[PDB]
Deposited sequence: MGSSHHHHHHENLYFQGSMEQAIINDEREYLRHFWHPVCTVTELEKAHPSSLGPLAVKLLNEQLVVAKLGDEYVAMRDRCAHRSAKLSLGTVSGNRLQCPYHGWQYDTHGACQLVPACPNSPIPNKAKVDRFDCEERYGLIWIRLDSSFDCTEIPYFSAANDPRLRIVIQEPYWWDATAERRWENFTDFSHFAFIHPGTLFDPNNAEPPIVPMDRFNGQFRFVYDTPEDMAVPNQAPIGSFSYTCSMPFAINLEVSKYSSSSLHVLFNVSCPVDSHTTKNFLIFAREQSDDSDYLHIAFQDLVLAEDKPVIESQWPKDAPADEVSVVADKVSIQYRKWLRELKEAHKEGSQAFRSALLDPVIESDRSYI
């Protein structure tokens, strides 16, 4: 409870734009979402995506059962109308009386990017950004947004699953395992602008990771001397202490083939991981877990996370340094 609080300073995806537009016949929302156990409502007021606590100030009805009416969100119960800043500007029963000062609900940072809606619950440290998706605005690439998949596992466990290759022989023997390259060498890892960066070579191929902390992964797969660029972007929304809503976007240079060739393969990979990751208990990794040399990526990830957690208690400047100070191990220049 105390230990998840620093996660409120990051931007997290809560839904696709498609899900918001399908939520209500108007295509404007409202849509109820949950983030870090907070009940929120998302709507499009004018040209602005807005996110508020899903709870009217008057008698606590859920705004997510209400209606968007121009530049206002209208509560279903007695019709109070809230503006983009969460302040009531119309009490229909008392339309000439002054509106109480307390007639306001909490409003949160809310922004569309890459076809997802992102929410940042706490902006007080002013140093976090929506994660990096390298394929955005690259006209060589066809971009496809998959439907979200829900797992009974935490965002940390899902991240460590995504960036590990030790498990291919046992979970993915027919899909991702390469029998002639069964053990990946330890690779150098760099911290730069709040991202982990690391690259694996075959050099016939290349797996280039840019991971915006804490839960987003951008993987570029290129074949050298060939035009086979494939990008996977995966980000987990920490819905509550046990549950993730996960988003996978993929982009590809060679787009003459079917989208569903890649979707079916990706779904097979996910279905192989899913029961094993859901079995991990307790849901958060305890201090007694035993690491080996091949676990470099997750060891370093856990190391960074607890630095961020300690820096959050020390305040805005400690946190900004912990997040954004470079730490270079490789030969690359940034």
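- Extract from the deposited sequence all ranges with no corresponding C-alpha coordinates, numbering residues from 1. Since the structure holds only modelled residues, the stretches it omits are 1 to 24, 227 to 236, 369.
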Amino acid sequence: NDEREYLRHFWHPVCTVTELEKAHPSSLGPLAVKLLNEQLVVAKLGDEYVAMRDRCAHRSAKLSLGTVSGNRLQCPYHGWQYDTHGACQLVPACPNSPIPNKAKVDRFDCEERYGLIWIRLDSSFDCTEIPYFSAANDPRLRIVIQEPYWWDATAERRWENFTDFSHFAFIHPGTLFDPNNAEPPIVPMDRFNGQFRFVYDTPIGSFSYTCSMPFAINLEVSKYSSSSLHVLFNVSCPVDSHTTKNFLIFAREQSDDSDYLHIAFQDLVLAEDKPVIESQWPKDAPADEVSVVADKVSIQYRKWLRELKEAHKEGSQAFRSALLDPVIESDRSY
From here on, numbers count along this sequence of modelled residues.
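- Message: Please compare 136 to 144 with 177 to 185 and name the stretch with the higher mean C-alpha B-factor in the deposited structure.
- Response: Result: 177 to 185.
- Task: For the higher mean C-alpha B factor in the entry, choose 190 to 198 or 114 to 122.
- Result: Result: 190 to 198.
- Query: Out of 127, 88, 211, 248, which shows the largest CA B-factor listed in the entry?
  - Reply: Reading the PDB entry, the winner on C-alpha B-factor is 127.
- Query: Taking the values straight from the PDB record, which of 163, 258, 154, 225 has the highest C-alpha temperature factor?
  - Reply: Result of the comparison over 163, 258, 154, 225: 225.
- CA B-factor placement of residue 98, once the chain's modelled residues are sorted into thirds: It belongs to the highest third of the chain when residues are ordered by C-alpha B-factor.
- Message: How does the C-alpha B factor of residue 267 compare with the rest of the chain: lowest, middle or highest third?
- Response: As the PDB entry reports it, the C-alpha B-factor of residue 267 lands in the middle third of its chain.
- Query: Which third, lowest, middle or highest, does the CA B-factor of residue 320 fall in along this chain?
  - Reply: Answer is highest: the recorded C-alpha B-factor places it there.
- Item | residue 326 - Cα temperature factor, lowest/middle/highest third of chain | Its C-alpha B-factor belongs to the highest third of this chain's values.
- Message: Please say which third, lowest, middle or highest, residue 149 falls into when its CA temperature factor is compared across its chain.
- Response: Its C-alpha B-factor belongs to the lowest third of this chain's values.
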